[PDB]
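Undergrad: Got a structure for you, start-v1.txt, holding compact mmCIF, C-alpha atoms and all ligand atoms.
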```
# COMPACT_ATOMS: atom_id res chain seq x y z
CA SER F 210 -1.86 28.00 -3.00
CA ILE F 211 -3.71 24.88 -1.82
CA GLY F 212 -6.93 26.73 -1.18
CA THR F 213 -10.42 27.92 -2.11
CA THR F 214 -12.23 31.14 -1.26
CA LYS F 215 -13.79 29.55 1.83
CA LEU F 216 -10.54 28.06 3.19
CA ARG F 217 -6.85 28.65 2.48
CA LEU F 218 -3.80 26.74 3.71
CA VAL F 219 -1.17 29.19 4.97
CA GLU F 220 1.65 26.93 6.20
CA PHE F 221 2.30 23.20 6.52
CA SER F 222 5.51 22.26 8.32
CA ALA F 223 6.56 18.80 9.54
CA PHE F 224 9.80 19.03 11.47
CA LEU F 225 12.25 17.48 13.92
CA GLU F 226 13.38 19.64 16.84
CA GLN F 227 16.73 18.69 18.37
CA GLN F 228 18.67 20.01 21.36
CA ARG F 229 22.10 18.74 22.39
CA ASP F 230 22.56 21.58 24.90
CA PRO F 231 20.85 24.89 25.74
CA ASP F 232 23.72 26.56 23.85
CA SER F 233 22.86 25.13 20.43
CA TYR F 234 19.56 23.81 19.05
CA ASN F 235 18.24 22.95 15.58
CA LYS F 236 14.86 22.39 13.92
CA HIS F 237 15.05 20.36 10.70
CA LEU F 238 12.14 20.46 8.26
CA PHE F 239 10.90 17.29 6.59
CA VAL F 240 8.33 19.03 4.37
CA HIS F 241 7.35 22.69 4.04
CA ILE F 242 4.61 24.53 2.15
CA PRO F 252 -1.99 30.65 -9.50
CA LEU F 253 -3.15 27.90 -11.89
CA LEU F 254 -2.81 24.22 -10.97
CA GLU F 255 -2.18 21.32 -13.33
CA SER F 256 -4.94 18.73 -13.64
CA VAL F 257 -4.56 15.15 -12.37
CA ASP F 258 -7.18 12.42 -12.72
CA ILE F 259 -8.32 11.50 -9.23
CA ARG F 260 -8.91 7.88 -10.32
CA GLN F 261 -5.14 7.36 -10.60
CA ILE F 262 -4.59 7.71 -6.83
CA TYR F 263 -7.77 5.90 -5.70
CA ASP F 264 -6.04 2.63 -4.80
CA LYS F 265 -3.47 4.35 -2.57
CA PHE F 266 -6.21 5.95 -0.41
CA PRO F 267 -9.21 4.26 1.24
CA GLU F 268 -11.97 3.19 -1.17
CA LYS F 269 -14.48 2.04 1.48
CA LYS F 270 -17.19 4.24 3.00
CA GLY F 271 -15.59 7.54 3.91
CA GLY F 272 -12.98 7.01 1.20
CA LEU F 273 -11.53 9.48 -1.26
CA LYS F 274 -14.01 8.47 -3.97
CA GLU F 275 -17.14 8.96 -1.85
CA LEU F 276 -15.68 12.20 -0.49
CA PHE F 277 -15.27 13.55 -4.03
CA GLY F 278 -18.90 12.86 -4.90
CA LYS F 279 -20.13 14.38 -1.64
CA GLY F 280 -17.77 17.34 -1.32
CA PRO F 281 -17.03 20.19 -3.71
CA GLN F 282 -14.91 19.20 -6.70
CA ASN F 283 -12.65 22.26 -6.52
CA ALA F 284 -11.68 21.68 -2.88
CA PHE F 285 -9.73 18.46 -3.55
CA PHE F 286 -6.03 18.65 -4.41
CA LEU F 287 -2.97 16.41 -4.72
CA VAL F 288 0.47 17.16 -3.30
CA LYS F 289 3.76 15.50 -4.24
CA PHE F 290 6.05 16.09 -1.27
CA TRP F 291 9.81 15.81 -1.78
CA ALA F 292 10.82 15.00 1.77
CA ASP F 293 14.18 16.01 3.25
CA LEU F 294 15.40 12.95 5.16
CA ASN F 295 18.98 14.24 5.41
CA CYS F 296 19.25 14.89 9.14
CA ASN F 297 21.39 13.44 11.91
CA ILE F 298 19.34 11.16 14.17
CA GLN F 299 21.27 10.60 17.39
CA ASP F 300 20.49 10.63 21.11
CA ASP F 301 16.86 11.09 22.11
CA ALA F 302 17.90 14.17 24.16
CA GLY F 303 15.01 16.65 23.90
CA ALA F 304 13.95 15.68 20.39
CA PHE F 305 10.43 16.37 19.17
CA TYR F 306 8.63 15.36 15.99
CA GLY F 307 5.87 17.82 15.20
CA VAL F 308 3.52 19.05 12.50
CA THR F 309 2.62 22.74 12.53
CA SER F 310 -0.23 23.80 10.26
CA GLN F 311 -2.18 27.01 9.74
CA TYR F 312 -5.37 27.74 7.82
CA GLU F 313 -6.92 31.15 7.23
CA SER F 314 -10.52 31.64 6.14
CA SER F 315 -12.90 34.45 5.27
CA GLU F 316 -15.79 32.91 7.22
CA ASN F 317 -16.04 31.93 10.89
CA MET F 318 -16.47 28.23 11.64
CA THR F 319 -15.26 25.29 13.71
CA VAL F 320 -12.70 23.29 11.74
CA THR F 321 -11.84 19.59 12.05
CA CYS F 322 -8.49 18.39 10.67
CA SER F 323 -8.44 14.65 9.95
CA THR F 324 -4.94 13.41 9.13
CA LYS F 325 -5.00 9.78 7.97
CA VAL F 326 -1.60 8.23 7.36
CA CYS F 327 -2.27 5.22 5.13
CA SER F 328 -0.08 2.27 4.16
CA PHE F 329 -1.02 0.02 1.22
CA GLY F 330 -4.28 1.94 0.81
CA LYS F 331 -5.59 1.14 4.31
CA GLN F 332 -5.64 3.79 7.03
CA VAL F 333 -3.12 2.88 9.72
CA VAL F 334 -3.37 5.94 11.99
CA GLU F 335 -5.92 8.78 12.04
CA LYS F 336 -5.38 12.10 13.83
CA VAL F 337 -8.51 14.22 14.28
CA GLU F 338 -8.01 17.71 15.68
CA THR F 339 -10.51 20.54 16.09
CA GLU F 340 -9.56 24.22 16.05
CA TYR F 341 -11.59 27.32 16.93
CA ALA F 342 -11.57 30.56 14.98
CA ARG F 343 -9.23 33.44 15.81
CA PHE F 344 -9.72 36.82 14.14
CA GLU F 345 -6.31 38.07 12.98
CA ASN F 346 -5.68 40.80 10.40
CA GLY F 347 -9.14 40.92 8.86
CA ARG F 348 -9.65 37.16 8.54
CA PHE F 349 -10.13 34.04 10.65
CA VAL F 350 -6.91 32.09 11.22
CA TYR F 351 -6.92 28.46 12.37
CA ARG F 352 -3.50 27.50 13.74
CA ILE F 353 -2.57 23.95 14.75
CA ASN F 354 0.72 24.45 16.58
CA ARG F 355 3.26 21.69 17.35
CA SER F 356 1.12 18.62 16.72
CA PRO F 357 3.10 15.78 18.34
CA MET F 358 3.91 13.21 15.69
CA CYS F 359 2.48 9.71 15.99
CA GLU F 360 4.78 7.07 17.42
CA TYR F 361 4.09 5.10 14.23
CA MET F 362 5.43 7.94 12.07
CA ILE F 363 8.62 8.37 14.11
CA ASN F 364 9.44 4.66 13.91
CA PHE F 365 8.53 4.93 10.22
CA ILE F 366 11.09 7.69 9.61
CA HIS F 367 13.68 5.56 11.42
CA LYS F 368 12.78 2.72 9.05
CA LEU F 369 13.53 5.00 6.09
CA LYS F 370 16.89 6.36 7.23
CA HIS F 371 18.25 2.85 7.89
CA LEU F 372 17.66 1.95 4.23
CA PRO F 373 21.02 1.87 2.38
CA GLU F 374 20.18 3.39 -1.02
CA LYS F 375 17.78 6.26 -1.69
CA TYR F 376 16.25 4.45 -4.69
CA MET F 377 14.85 1.94 -2.17
CA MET F 378 13.10 4.61 -0.09
CA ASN F 379 11.08 5.91 -3.03
CA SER F 380 9.91 2.33 -3.60
CA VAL F 381 8.38 1.83 -0.14
CA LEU F 382 7.00 5.40 -0.06
CA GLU F 383 4.87 4.49 -3.09
CA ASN F 384 2.63 2.70 -0.57
CA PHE F 385 2.86 5.56 1.97
CA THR F 386 0.12 8.17 1.65
CA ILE F 387 -1.41 10.84 3.89
CA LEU F 388 -4.89 12.25 3.24
CA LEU F 389 -5.66 15.58 4.90
CA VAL F 390 -9.38 16.29 5.08
CA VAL F 391 -10.37 19.63 6.63
CA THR F 392 -14.07 19.81 7.49
CA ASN F 393 -16.61 22.14 9.05
CA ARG F 394 -17.89 20.47 12.23
CA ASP F 395 -21.26 22.25 12.32
CA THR F 396 -22.18 21.87 8.63
CA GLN F 397 -20.37 18.55 7.94
CA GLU F 398 -19.18 20.08 4.66
CA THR F 399 -15.83 19.36 3.04
CA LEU F 400 -13.68 22.50 3.20
CA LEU F 401 -10.31 21.34 1.84
CA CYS F 402 -8.73 18.02 0.94
CA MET F 403 -5.06 17.20 0.29
CA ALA F 404 -4.02 13.80 -1.02
CA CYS F 405 -0.28 13.64 -0.35
CA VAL F 406 2.28 11.26 -1.84
CA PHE F 407 5.90 11.32 -0.72
CA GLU F 408 9.31 10.86 -2.34
CA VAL F 409 12.83 11.62 -1.16
CA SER F 410 14.60 14.66 -2.60
CA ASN F 411 18.36 14.30 -3.14
CA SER F 412 20.12 17.49 -2.03
CA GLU F 413 22.54 18.67 0.63
CA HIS F 414 19.66 20.56 2.30
CA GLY F 415 16.38 21.15 0.50
CA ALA F 416 12.69 20.30 0.32
CA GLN F 417 10.49 20.49 -2.78
CA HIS F 418 6.76 20.13 -3.36
CA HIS F 419 4.31 20.18 -6.26
CA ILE F 420 0.57 20.85 -6.02
CA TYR F 421 -2.03 19.47 -8.43
CA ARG F 422 -5.82 19.75 -8.63
CA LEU F 423 -7.93 16.58 -8.72
CA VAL F 424 -10.57 16.07 -11.43
CA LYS F 425 -12.72 13.23 -12.78
CA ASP F 426 -12.42 12.82 -16.56
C1 LIG A 501 1.34 10.99 12.79
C2 LIG A 501 0.73 12.37 12.62
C3 LIG A 501 1.29 13.18 11.48
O1 LIG A 501 1.04 14.37 11.46
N1 LIG A 501 2.00 12.56 10.54
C4 LIG A 501 2.40 13.27 9.46
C5 LIG A 501 1.45 13.80 8.59
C6 LIG A 501 1.84 14.54 7.49
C7 LIG A 501 3.19 14.77 7.26
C8 LIG A 501 3.61 15.58 6.06
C9 LIG A 501 4.14 14.27 8.12
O2 LIG A 501 5.47 14.51 7.89
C10 LIG A 501 6.23 13.63 7.16
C11 LIG A 501 5.62 12.64 6.40
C12 LIG A 501 6.40 11.75 5.67
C13 LIG A 501 7.78 11.86 5.69
CL1 LIG A 501 8.77 10.71 4.74
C14 LIG A 501 8.39 12.86 6.45
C15 LIG A 501 7.61 13.74 7.18
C16 LIG A 501 3.75 13.52 9.23
```
Go ahead and express the file in the form of structure tokens.
Ligand SMILES: *CCC(=O)Nc1ccc(C)c(Oc2ccc(Cl)cc2)c1
TA:
Amino acid sequence: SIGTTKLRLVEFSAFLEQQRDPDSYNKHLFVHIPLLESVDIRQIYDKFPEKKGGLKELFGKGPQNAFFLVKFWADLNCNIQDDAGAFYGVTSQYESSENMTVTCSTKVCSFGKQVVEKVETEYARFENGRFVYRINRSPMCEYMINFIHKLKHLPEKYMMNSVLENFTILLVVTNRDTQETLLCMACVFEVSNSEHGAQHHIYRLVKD
């Protein structure tokens, strides 16, 4: 799932950690993570950067099989109250057969222009016969937290899906030493209506 032979995505969790007292805590998940359906990559070009270093140039440069598309169904049903000890975090994990230095570039884009870019570099750890790259408790950007607050204030869910059409996040995982594309996840977001659930669909990007 969401992976090639050279790199595999194990877990992708974006959460909100809350504590009202040491007696009772709670971590609420916004999004959580063998043949993939095919989606034309040209359909999502406008939503992601088209300039140098954009999704289009990356496709030509990098391997075609490494690119994917994810439709996240985000769970926005959570009580947002006092600041207290609240933490917005993204925990990711990648496991790979080969040893390398991995760079995780998270670009949160609005209206097809990158607003905030988070570049992180992780070193290899040998665990259970493979190399596991774990990015633990990435503190969420102040932009993204204020963004989530902007969503929850919206009265009707149908409105949220409308603004989120312009909200995209392009994960690009790269080998630092070789400058080779290892994995790429174009993510689009929609709200899922449920008492407590999160859904996600994964597609493979192709040019045809
Ligand atoms: C600001 C850094 C960051 O990691 N932002 C980020 C990237 C990806 C994902 C999936 C995040 O989690 C959410 C995105 C969108 C919504 Cl509506 C909810 C959570 C956050």
Undergrad: What do you get as a ChimeraX atom specification if you pick all residues at most 6 Å from ligand LIG 501 (chain A), counting all atoms listed in the file?
TA: /F:223,239,292,308,358-359,362
Undergrad: Just the residues within 8 Å of stretch 227-237 of chain F, please, counting all atoms listed in the file, with nothing from its chain fewer than 4 positions along; format it as an NGL selection string.
TA: :F and (296 or 302-305)
Undergrad: Find the residues with any atom within 9 Å of (1.3, 3.7, -7.2); use all atoms listed in the file and the coordinates as given in the file, and write the answer as a ChimeraX atom specification.
TA: /F:261-262,264-265,383-384
Undergrad: Check the smallest atom-to-atom distance from each of F:409, F:283, F:417, F:363 to residue F:301 using all atoms listed in the file, then report the winner.
TA: F:363
Undergrad: Please report as a Markdown table every residue of stretch 358-398 of chain F lying within 12 Å of stretch 274-279 of chain F, along with the nearest atom pair and their distance in Å (one decimal), using all atoms listed in the file.
TA:
```
| residue | atom | partner | partner_atom | distance |
| --- | --- | --- | --- | --- |
| F:388 | CA | F:276 | CA | 11.4 |
| F:389 | CA | F:276 | CA | 11.9 |
| F:390 | CA | F:276 | CA | 9.4 |
| F:391 | CA | F:276 | CA | 11.6 |
| F:392 | CA | F:276 | CA | 11.1 |
| F:397 | CA | F:279 | CA | 10.5 |
| F:398 | CA | F:279 | CA | 8.5 |
```
Undergrad: When distances are computed from all atoms listed in the file, which of F:399, F:364, F:299, F:213 shows the smallest separation from residue F:312?
TA: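 Of F:399, F:364, F:299, F:213, the one nearest residue F:312 is F:213, counting all atoms listed in the file.
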Undergrad: Fewer than 2 positions away in the same chain doesn't count, so skip those; otherwise give me all residues within 9 Å of residue F:413, counting all atoms listed in the file, as an mmCIF file with C-alpha atoms, keeping the file's coordinate frame.
TA:
```cif
data_model
loop_
_atom_site.group_PDB
_atom_site.id
_atom_site.type_symbol
_atom_site.label_atom_id
_atom_site.label_comp_id
_atom_site.auth_asym_id
_atom_site.auth_seq_id
_atom_site.Cartn_x
_atom_site.Cartn_y
_atom_site.Cartn_z
ATOM 1 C CA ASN F 295 18.980 14.240 5.410
ATOM 2 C CA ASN F 411 18.360 14.300 -3.140
ATOM 3 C CA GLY F 415 16.380 21.150 0.500
#
```
Undergrad: Under the rule that only C-alpha atoms are counted, which of F:273, F:288, F:404, F:387 is the nearest residue to residue F:335?
TA: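 Ranking F:273, F:288, F:404, F:387 by distance to residue F:335, first place goes to F:387.
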Undergrad: Please, which residues are within 7 Å of (11.0, 19.7, 8.1) by the file's coordinates, counting only C-alpha atoms, and could they come as a list in words?
TA: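 Collected hits near the coordinates: residues 222, 223, 224, 225, 237, 238, 239, 240, 241 and 293 of chain F.
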Undergrad: Find, counting all atoms listed in the file, the residue in F:347, F:298, F:401, F:329 that gets nearest to residue F:368.
TA: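 Smallest distance to residue F:368 is found for F:298.
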Undergrad: Work out how far apart atom CA of residue F:402 and atom CA of residue F:420 are and give it in Å to one decimal.
TA: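 That distance, rounded to one decimal, is 12.0 Å.
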Undergrad: Will you model N, CA, C and O atoms for stretch 277-294 of chain F and pass it back as a short mmCIF file (atom, residue, chain, number, x, y, z; two decimals), keeping the file's coordinate frame?
TA:
```cif
data_model
loop_
_atom_site.label_atom_id
_atom_site.label_comp_id
_atom_site.auth_asym_id
_atom_site.auth_seq_id
_atom_site.Cartn_x
_atom_site.Cartn_y
_atom_site.Cartn_z
N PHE F 277 -15.22 12.72 -2.83
CA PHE F 277 -15.27 13.55 -4.03
C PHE F 277 -16.71 13.77 -4.48
O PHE F 277 -17.10 14.90 -4.79
N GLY F 278 -17.51 12.71 -4.52
CA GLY F 278 -18.90 12.86 -4.90
C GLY F 278 -19.67 13.75 -3.94
O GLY F 278 -20.47 14.60 -4.36
N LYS F 279 -19.42 13.59 -2.64
CA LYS F 279 -20.13 14.38 -1.64
C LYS F 279 -19.64 15.82 -1.63
O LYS F 279 -20.44 16.76 -1.76
N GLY F 280 -18.33 16.02 -1.50
CA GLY F 280 -17.77 17.34 -1.32
C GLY F 280 -17.61 18.09 -2.62
O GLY F 280 -17.79 17.55 -3.73
N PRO F 281 -17.27 19.38 -2.51
CA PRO F 281 -17.03 20.19 -3.71
C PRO F 281 -15.83 19.70 -4.50
O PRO F 281 -14.80 19.31 -3.94
N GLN F 282 -15.96 19.73 -5.83
CA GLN F 282 -14.91 19.20 -6.70
C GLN F 282 -13.65 20.06 -6.64
O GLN F 282 -12.54 19.53 -6.73
N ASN F 283 -13.81 21.38 -6.51
CA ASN F 283 -12.65 22.26 -6.52
C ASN F 283 -11.81 22.17 -5.26
O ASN F 283 -10.63 22.54 -5.29
N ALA F 284 -12.38 21.68 -4.15
CA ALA F 284 -11.68 21.68 -2.88
C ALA F 284 -10.60 20.61 -2.81
O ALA F 284 -9.67 20.73 -2.00
N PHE F 285 -10.70 19.56 -3.61
CA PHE F 285 -9.73 18.46 -3.55
C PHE F 285 -8.47 18.82 -4.33
O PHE F 285 -8.53 19.47 -5.38
N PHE F 286 -7.32 18.39 -3.81
CA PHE F 286 -6.03 18.65 -4.41
C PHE F 286 -5.18 17.38 -4.33
O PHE F 286 -5.60 16.37 -3.76
N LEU F 287 -3.98 17.46 -4.88
CA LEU F 287 -2.97 16.41 -4.72
C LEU F 287 -1.63 17.10 -4.53
O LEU F 287 -1.32 18.06 -5.24
N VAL F 288 -0.84 16.61 -3.59
CA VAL F 288 0.47 17.16 -3.30
C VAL F 288 1.51 16.06 -3.46
O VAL F 288 1.32 14.95 -2.94
N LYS F 289 2.58 16.36 -4.17
CA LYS F 289 3.76 15.50 -4.24
C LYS F 289 4.83 16.15 -3.36
O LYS F 289 5.45 17.14 -3.74
N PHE F 290 5.02 15.59 -2.17
CA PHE F 290 6.05 16.09 -1.27
C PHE F 290 7.39 15.46 -1.63
O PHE F 290 7.48 14.26 -1.91
N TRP F 291 8.44 16.28 -1.62
CA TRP F 291 9.81 15.81 -1.78
C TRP F 291 10.48 15.98 -0.42
O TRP F 291 10.98 17.06 -0.09
N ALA F 292 10.47 14.91 0.36
CA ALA F 292 10.82 15.00 1.77
C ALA F 292 12.33 15.05 1.96
O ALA F 292 13.09 14.37 1.27
N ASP F 293 12.77 15.88 2.92
CA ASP F 293 14.18 16.01 3.25
C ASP F 293 14.46 15.09 4.43
O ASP F 293 14.14 15.41 5.58
N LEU F 294 15.05 13.93 4.14
CA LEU F 294 15.40 12.95 5.16
C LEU F 294 16.86 13.05 5.57
O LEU F 294 17.34 12.19 6.32
#
```
